[PDB]
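Dropping upload-v1.cif in here (mmCIF, C-alpha atoms):
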data_protein
#
loop_
_atom_site.label_atom_id
_atom_site.label_comp_id
_atom_site.auth_asym_id
_atom_site.auth_seq_id
_atom_site.Cartn_x
_atom_site.Cartn_y
_atom_site.Cartn_z
CA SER A 1 90.87 69.99 97.57
CA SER A 2 89.10 66.64 97.83
CA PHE A 3 85.46 66.72 99.00
CA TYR A 4 86.22 63.02 99.72
CA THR A 5 88.33 64.20 102.68
CA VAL A 6 85.10 64.94 104.58
CA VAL A 7 83.64 61.57 103.59
CA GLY A 8 86.81 59.75 104.66
CA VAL A 9 86.86 61.49 108.06
CA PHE A 10 83.15 60.64 108.30
CA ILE A 11 83.87 56.93 107.70
CA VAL A 12 86.61 56.99 110.36
CA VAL A 13 84.43 58.73 112.98
CA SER A 14 81.37 56.58 112.24
CA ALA A 15 83.61 53.53 112.64
CA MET A 16 84.91 54.82 115.98
CA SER A 17 81.33 55.44 117.13
CA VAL A 18 79.96 51.95 116.43
CA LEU A 19 83.10 50.53 118.05
CA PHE A 20 82.28 52.39 121.29
CA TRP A 21 78.67 51.15 121.45
CA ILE A 22 80.07 47.68 122.20
CA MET A 23 82.93 48.87 124.40
CA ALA A 24 81.15 51.19 126.86
CA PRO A 25 81.40 50.28 130.57
CA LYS A 26 78.51 48.57 132.29
CA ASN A 27 78.14 50.80 135.37
CA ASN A 28 76.97 54.16 133.98
CA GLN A 29 76.26 52.60 130.63
CA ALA A 30 73.80 55.01 129.00
CA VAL A 31 75.79 58.03 130.19
CA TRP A 32 78.99 56.79 128.53
CA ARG A 33 77.12 55.65 125.43
CA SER A 34 75.32 58.96 124.84
CA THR A 35 77.86 61.57 125.97
CA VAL A 36 80.85 60.17 124.08
CA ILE A 37 79.09 59.29 120.82
CA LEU A 38 77.05 62.47 120.53
CA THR A 39 80.06 64.72 121.15
CA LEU A 40 81.95 63.07 118.26
CA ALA A 41 78.94 63.88 116.08
CA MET A 42 78.88 67.59 116.90
CA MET A 43 82.70 67.85 116.87
CA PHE A 44 82.61 66.27 113.41
CA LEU A 45 79.82 68.46 112.07
CA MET A 46 81.50 71.70 113.12
CA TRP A 47 84.79 70.66 111.48
CA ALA A 48 82.97 69.62 108.32
CA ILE A 49 81.11 72.92 108.08
CA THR A 50 84.35 74.83 108.67
CA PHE A 51 86.42 72.79 106.17
CA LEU A 52 83.77 73.29 103.55
CA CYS A 53 83.15 76.96 102.48
CA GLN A 54 86.93 77.15 102.19
CA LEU A 55 87.13 74.34 99.66
CA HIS A 56 85.96 76.49 96.72
CA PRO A 57 85.73 80.10 97.90
CA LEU A 58 83.97 82.89 96.03
CA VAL A 59 85.64 85.79 97.88
CA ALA A 60 89.37 86.59 98.41
CA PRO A 61 90.83 88.91 101.09
CA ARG A 62 92.20 92.38 100.35
CA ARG A 63 94.44 93.69 103.23
CA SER A 64 95.18 97.19 101.98
CA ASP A 65 97.90 98.15 104.49
CA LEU A 66 100.32 95.14 104.60
CA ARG A 67 104.04 96.19 104.91
CA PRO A 68 106.04 94.89 101.88
CA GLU A 69 108.31 92.52 103.77
CA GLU B 1 70.85 44.42 139.44
CA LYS B 2 69.58 47.94 140.07
CA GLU B 3 68.55 49.66 136.85
CA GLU B 4 69.83 53.03 135.66
CA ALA B 5 66.66 55.05 134.85
CA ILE B 6 68.43 57.92 133.09
CA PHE B 7 67.32 57.12 129.53
CA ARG B 8 63.70 56.64 130.64
CA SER B 9 62.00 56.69 134.03
CA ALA B 10 62.27 54.05 136.72
CA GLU B 11 59.57 51.38 136.97
CA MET B 12 57.14 51.96 139.83
CA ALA B 13 54.86 49.74 141.90
CA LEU B 14 51.93 50.47 144.20
CA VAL B 15 52.22 48.72 147.56
CA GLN B 16 49.46 48.21 150.13
CA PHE B 17 50.30 48.14 153.84
CA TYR B 18 48.14 46.41 156.46
CA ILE B 19 49.64 47.80 159.66
CA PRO B 20 48.44 46.85 163.17
CA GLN B 21 47.62 49.72 165.53
CA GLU B 22 50.08 48.55 168.20
CA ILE B 23 52.96 48.87 165.71
CA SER B 24 51.51 51.69 163.62
CA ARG B 25 53.53 54.38 165.39
CA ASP B 26 56.56 52.06 165.22
CA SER B 27 56.52 51.12 161.52
CA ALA B 28 56.11 54.76 160.45
CA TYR B 29 59.64 55.42 161.68
CA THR B 30 60.88 52.39 159.73
CA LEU B 31 59.29 53.71 156.55
CA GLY B 32 60.67 57.18 157.31
CA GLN B 33 64.26 56.15 158.04
CA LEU B 34 64.33 54.58 154.58
CA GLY B 35 63.16 57.36 152.31
CA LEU B 36 61.80 55.49 149.31
CA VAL B 37 58.00 55.32 149.71
CA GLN B 38 55.65 58.05 148.45
CA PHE B 39 52.32 57.69 150.21
CA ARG B 40 49.07 58.69 148.56
CA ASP B 41 46.07 60.25 150.27
CA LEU B 42 43.31 57.70 150.88
CA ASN B 43 41.29 59.98 153.17
CA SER B 44 40.48 62.57 150.57
CA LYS B 45 37.07 64.34 150.74
CA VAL B 46 37.37 64.31 154.55
CA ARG B 47 37.64 67.65 156.35
CA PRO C 1 99.61 94.55 156.14
CA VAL C 2 96.66 94.58 153.73
CA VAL C 3 93.19 92.98 154.06
CA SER C 4 94.95 89.80 152.79
CA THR C 5 91.71 87.91 152.05
CA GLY C 6 90.00 89.81 149.25
CA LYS C 7 92.87 92.15 148.40
CA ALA C 8 95.88 89.84 148.30
CA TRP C 9 94.22 87.23 146.06
CA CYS C 10 92.82 89.95 143.76
CA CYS C 11 96.39 91.10 143.12
CA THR C 12 98.11 87.69 142.98
CA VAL C 13 95.69 86.38 140.33
CA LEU C 14 96.07 89.57 138.27
CA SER C 15 99.85 89.41 138.59
CA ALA C 16 99.93 85.69 137.77
CA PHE C 17 98.09 86.39 134.53
CA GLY C 18 100.22 89.51 134.07
CA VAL C 19 103.51 87.63 133.81
CA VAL C 20 102.27 84.91 131.45
CA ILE C 21 100.42 87.04 128.89
CA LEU C 22 102.92 89.92 128.66
CA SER C 23 105.83 87.48 128.26
CA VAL C 24 104.35 85.86 125.16
CA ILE C 25 103.30 89.28 123.80
CA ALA C 26 106.89 90.50 124.21
CA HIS C 27 108.13 87.28 122.58
CA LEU C 28 105.83 87.85 119.61
CA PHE C 29 107.14 91.40 119.32
CA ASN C 30 110.73 90.15 119.54
CA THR C 31 110.35 87.97 116.45
CA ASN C 32 108.43 89.70 113.66
CA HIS C 33 105.08 87.97 113.38
CA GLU C 34 102.95 89.89 110.73
CA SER C 35 100.05 89.96 113.20
CA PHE C 36 101.78 92.20 115.75
CA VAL C 37 103.99 93.98 113.19
CA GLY C 38 102.34 93.78 109.78
CA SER C 39 100.44 97.01 109.21
CA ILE C 40 101.40 100.50 108.06
CA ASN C 41 99.74 101.88 111.21
CA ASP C 42 101.58 99.73 113.73
CA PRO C 43 104.79 99.86 115.83
CA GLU C 44 107.78 99.85 113.51
CA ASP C 45 110.93 99.19 115.54
CA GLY C 46 110.19 95.52 116.19
CA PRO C 47 112.19 94.18 119.14
CA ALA C 48 112.53 97.63 120.72
CA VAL C 49 108.93 97.51 121.99
CA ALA C 50 109.53 93.99 123.32
CA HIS C 51 111.77 95.64 125.93
CA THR C 52 109.07 97.91 127.37
CA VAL C 53 106.65 94.96 127.65
CA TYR C 54 109.30 92.69 129.17
CA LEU C 55 109.91 95.28 131.87
CA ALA C 56 106.18 95.29 132.66
CA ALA C 57 106.35 91.50 132.90
CA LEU C 58 109.12 91.95 135.48
CA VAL C 59 107.08 94.58 137.37
CA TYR C 60 104.15 92.15 137.52
CA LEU C 61 106.55 89.45 138.74
CA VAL C 62 107.61 91.84 141.52
CA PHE C 63 103.94 92.37 142.46
CA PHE C 64 103.39 88.60 142.30
CA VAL C 65 106.19 87.73 144.72
CA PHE C 66 105.36 90.70 146.96
CA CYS C 67 101.69 89.79 147.36
CA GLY C 68 102.30 86.03 147.32
CA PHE C 69 104.16 86.23 150.63
CA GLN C 70 101.45 88.38 152.21
CA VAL C 71 98.98 85.48 152.02
CA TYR C 72 101.76 83.18 153.30
CA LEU C 73 101.66 85.04 156.65
CA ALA C 74 98.66 82.87 157.58
#
Structure re-expressed in C-alpha coordinates:
Amino acid sequence: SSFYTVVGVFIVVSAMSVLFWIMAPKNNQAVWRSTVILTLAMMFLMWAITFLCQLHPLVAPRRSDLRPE
Amino acid sequence: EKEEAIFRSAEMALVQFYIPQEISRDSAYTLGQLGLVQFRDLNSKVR
Amino acid sequence: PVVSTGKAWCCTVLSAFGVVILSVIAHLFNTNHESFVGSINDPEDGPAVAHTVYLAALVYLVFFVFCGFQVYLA
(Lines of atoms letter the chains of each structure in order from A and count residues from 1; the text may use other names and numbers.)
(Lines give C-alpha, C1' and ligand atoms only; values in the text may rest on other atoms or scores of the structure.)
Protein backbone atom coordinates (compact mmCIF):
# COMPACT_ATOMS: atom_id res chain seq x y z
CA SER A 1 0.00 0.00 0.00
CA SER A 2 0.99 3.60 0.72
CA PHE A 3 1.83 5.79 -2.30
CA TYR A 4 3.53 7.89 0.43
CA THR A 5 6.23 5.19 0.60
CA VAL A 6 7.63 6.51 -2.69
CA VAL A 7 7.44 10.10 -1.44
CA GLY A 8 9.17 9.18 1.82
CA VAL A 9 12.00 7.38 0.01
CA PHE A 10 12.18 10.43 -2.27
CA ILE A 11 12.61 12.76 0.73
CA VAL A 12 15.36 10.51 2.14
CA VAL A 13 17.27 10.30 -1.16
CA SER A 14 16.90 14.02 -1.93
CA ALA A 15 18.23 14.71 1.57
CA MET A 16 21.20 12.42 0.98
CA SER A 17 21.89 14.17 -2.34
CA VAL A 18 22.02 17.74 -1.01
CA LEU A 19 24.17 16.46 1.87
CA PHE A 20 26.75 15.17 -0.64
CA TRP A 21 26.97 18.45 -2.58
CA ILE A 22 28.68 19.96 0.47
CA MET A 23 30.70 16.86 1.36
CA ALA A 24 32.35 15.99 -1.97
CA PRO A 25 36.17 15.95 -2.05
CA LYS A 26 38.07 18.87 -3.51
CA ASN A 27 40.44 17.04 -5.87
CA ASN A 28 38.15 15.54 -8.55
CA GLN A 29 35.26 17.65 -7.34
CA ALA A 30 32.90 17.75 -10.32
CA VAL A 31 33.41 14.04 -11.01
CA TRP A 32 32.37 13.07 -7.47
CA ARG A 33 29.53 15.59 -7.46
CA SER A 34 27.99 14.45 -10.75
CA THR A 35 28.59 10.69 -10.75
CA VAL A 36 27.35 10.00 -7.22
CA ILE A 37 24.30 12.29 -7.25
CA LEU A 38 23.05 11.35 -10.70
CA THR A 39 23.29 7.61 -10.01
CA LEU A 40 21.07 7.99 -6.93
CA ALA A 41 18.54 9.71 -9.19
CA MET A 42 18.38 6.90 -11.75
CA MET A 43 18.56 4.19 -9.06
CA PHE A 44 15.63 5.91 -7.35
CA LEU A 45 13.56 6.34 -10.51
CA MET A 46 13.87 2.70 -11.53
CA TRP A 47 12.80 1.52 -8.06
CA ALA A 48 9.89 3.96 -8.06
CA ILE A 49 8.67 2.80 -11.47
CA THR A 50 8.99 -0.84 -10.38
CA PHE A 51 7.25 -0.35 -7.00
CA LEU A 52 4.41 1.42 -8.70
CA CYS A 53 2.39 -0.71 -11.23
CA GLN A 54 2.33 -3.31 -8.47
CA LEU A 55 0.63 -1.01 -5.99
CA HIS A 56 -2.84 -1.39 -7.55
CA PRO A 57 -2.65 -4.06 -10.26
CA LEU A 58 -5.29 -4.67 -12.91
CA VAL A 59 -4.14 -8.18 -13.90
CA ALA A 60 -3.56 -11.31 -11.74
CA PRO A 61 -1.46 -14.37 -12.71
CA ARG A 62 -2.97 -17.72 -13.70
CA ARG A 63 -0.36 -20.59 -13.51
CA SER A 64 -2.42 -23.46 -14.88
CA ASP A 65 -0.05 -26.34 -14.02
CA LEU A 66 1.01 -25.75 -10.34
CA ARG A 67 1.31 -29.04 -8.30
CA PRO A 68 -1.14 -28.97 -5.32
CA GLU A 69 1.46 -29.01 -2.55
CA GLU B 1 45.47 25.96 -8.20
CA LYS B 2 45.08 24.12 -11.50
CA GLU B 3 41.45 24.02 -12.63
CA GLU B 4 39.54 20.87 -13.53
CA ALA B 5 38.00 21.60 -16.98
CA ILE B 6 35.70 18.58 -17.07
CA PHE B 7 32.39 20.42 -16.60
CA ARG B 8 33.33 23.01 -19.24
CA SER B 9 36.46 23.61 -21.30
CA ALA B 10 39.75 24.98 -20.04
CA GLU B 11 40.47 28.69 -20.43
CA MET B 12 42.91 29.46 -23.24
CA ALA B 13 45.31 32.30 -24.00
CA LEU B 14 47.12 33.38 -27.16
CA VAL B 15 50.83 33.98 -26.60
CA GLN B 16 53.24 35.81 -28.91
CA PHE B 17 56.90 34.76 -29.07
CA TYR B 18 59.71 37.09 -30.17
CA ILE B 19 62.54 34.60 -30.65
CA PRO B 20 66.08 35.59 -31.73
CA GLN B 21 67.56 33.68 -34.67
CA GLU B 22 70.61 32.52 -32.70
CA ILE B 23 68.34 30.73 -30.20
CA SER B 24 65.49 29.93 -32.58
CA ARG B 25 66.66 26.36 -33.16
CA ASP B 26 67.31 26.07 -29.41
CA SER B 27 63.98 27.33 -28.03
CA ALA B 28 61.99 25.09 -30.38
CA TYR B 29 63.26 22.09 -28.43
CA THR B 30 62.25 23.77 -25.18
CA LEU B 31 58.73 24.31 -26.48
CA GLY B 32 58.67 20.74 -27.80
CA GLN B 33 59.90 19.02 -24.64
CA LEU B 34 56.97 20.63 -22.83
CA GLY B 35 53.98 19.69 -24.94
CA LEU B 36 51.48 22.40 -24.11
CA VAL B 37 51.63 24.99 -26.92
CA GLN B 38 49.54 24.73 -30.10
CA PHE B 39 51.09 26.94 -32.76
CA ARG B 40 49.01 28.60 -35.44
CA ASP B 41 50.03 29.20 -39.03
CA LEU B 42 51.08 32.81 -39.62
CA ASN B 43 52.55 32.14 -43.08
CA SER B 44 49.33 31.16 -44.72
CA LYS B 45 48.79 32.10 -48.41
CA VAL B 46 52.49 31.36 -49.02
CA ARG B 47 53.39 28.48 -51.32
CA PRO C 1 50.78 -32.34 -22.02
CA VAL C 2 48.23 -30.06 -23.70
CA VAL C 3 48.72 -26.63 -25.36
CA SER C 4 48.44 -25.28 -21.76
CA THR C 5 47.97 -21.63 -22.82
CA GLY C 6 44.66 -21.49 -24.66
CA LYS C 7 43.45 -24.99 -23.81
CA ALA C 8 44.16 -25.27 -20.08
CA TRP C 9 42.55 -21.93 -19.19
CA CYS C 10 39.54 -22.66 -21.42
CA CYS C 11 38.89 -25.78 -19.34
CA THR C 12 39.76 -24.40 -15.89
CA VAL C 13 37.36 -21.45 -16.27
CA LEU C 14 34.58 -23.74 -17.54
CA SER C 15 35.20 -26.18 -14.69
CA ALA C 16 35.38 -23.38 -12.11
CA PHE C 17 31.94 -22.20 -13.20
CA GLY C 18 30.86 -25.84 -13.46
CA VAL C 19 31.32 -26.60 -9.78
CA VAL C 20 29.66 -23.44 -8.46
CA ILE C 21 26.51 -23.41 -10.61
CA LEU C 22 25.72 -27.14 -10.50
CA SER C 23 26.18 -27.22 -6.71
CA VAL C 24 23.50 -24.60 -6.11
CA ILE C 25 21.24 -26.22 -8.73
CA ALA C 26 21.58 -29.56 -6.92
CA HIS C 27 20.93 -27.77 -3.61
CA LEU C 28 17.75 -26.24 -5.02
CA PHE C 29 16.65 -29.67 -6.21
CA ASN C 30 17.44 -31.16 -2.79
CA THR C 31 14.99 -28.86 -1.02
CA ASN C 32 11.73 -28.45 -2.91
CA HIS C 33 11.65 -24.92 -4.26
CA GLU C 34 8.46 -24.53 -6.45
CA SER C 35 10.61 -23.02 -9.21
CA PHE C 36 12.62 -26.18 -9.90
CA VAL C 37 9.85 -28.59 -8.80
CA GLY C 38 6.50 -26.85 -9.14
CA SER C 39 4.98 -27.88 -12.46
CA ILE C 40 3.05 -30.90 -13.68
CA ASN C 41 5.61 -31.28 -16.50
CA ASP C 42 8.72 -31.29 -14.33
CA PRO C 43 10.94 -33.81 -12.49
CA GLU C 44 8.93 -35.46 -9.74
CA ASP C 45 11.28 -37.35 -7.43
CA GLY C 46 12.80 -34.26 -5.82
CA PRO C 47 16.13 -35.03 -4.15
CA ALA C 48 16.80 -38.02 -6.42
CA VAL C 49 17.79 -35.73 -9.30
CA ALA C 50 20.02 -33.74 -6.95
CA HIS C 51 22.27 -36.82 -6.89
CA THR C 52 22.88 -36.90 -10.66
CA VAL C 53 23.73 -33.17 -10.67
CA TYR C 54 25.97 -33.48 -7.61
CA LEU C 55 27.96 -36.18 -9.39
CA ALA C 56 28.44 -33.83 -12.35
CA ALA C 57 29.66 -31.20 -9.90
CA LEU C 58 32.23 -33.74 -8.69
CA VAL C 59 33.23 -34.59 -12.29
CA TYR C 60 33.78 -30.89 -12.97
CA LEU C 61 35.82 -30.67 -9.76
CA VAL C 62 37.97 -33.53 -11.10
CA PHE C 63 38.47 -31.63 -14.37
CA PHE C 64 39.25 -28.47 -12.38
CA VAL C 65 42.00 -30.04 -10.28
CA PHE C 66 43.34 -32.00 -13.27
CA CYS C 67 43.69 -28.95 -15.52
CA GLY C 68 44.67 -26.60 -12.69
CA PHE C 69 47.94 -28.45 -12.17
CA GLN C 70 48.71 -28.46 -15.90
CA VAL C 71 49.09 -24.67 -15.88
CA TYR C 72 51.12 -25.01 -12.64
CA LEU C 73 53.86 -26.80 -14.64
CA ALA C 74 55.10 -23.35 -15.70
Straight-line distance linking CA of residue 49 in chain A with CA of residue 13 in chain A, stated in Å to one decimal: 15.4 Å
Which residues of chain A are close to chain C, meaning at most 6 Å apart when you count all atoms listed in the file, and how do they look as a PyMOL selection string? chain A and resi 65-67
Once the PyMOL selection byres ((chain A) within 10 of (chain B)) is applied to the coordinates I shared, what remains selected? I want it as a PDB file with C-alpha atoms, in the coordinates of the input.
ATOM      1  CA  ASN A  27      78.140  50.800 135.370  1.00  0.00           C
ATOM      2  CA  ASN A  28      76.970  54.160 133.980  1.00  0.00           C
ATOM      3  CA  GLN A  29      76.260  52.600 130.630  1.00  0.00           C
ATOM      4  CA  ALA A  30      73.800  55.010 129.000  1.00  0.00           C
ATOM      5  CA  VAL A  31      75.790  58.030 130.190  1.00  0.00           C
ATOM      6  CA  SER A  34      75.320  58.960 124.840  1.00  0.00           C
TER       7      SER A  34
END
Take the point (50.5, 52.1, 150.0) in the file's coordinates, draw a sphere of radius 9 Å around it, and report as a VMD selection string every protein, DNA or RNA residue with an atom inside or on it, counting only C-alpha atoms. chain B and resid 14 to 18 37 to 40
To one decimal in Å, tell me the separation between CA of residue 36 in chain A and CA of residue 21 in chain A.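 CA of residue 21 in chain A lies at a distance of 9.6 Å from CA of residue 36 in chain A.
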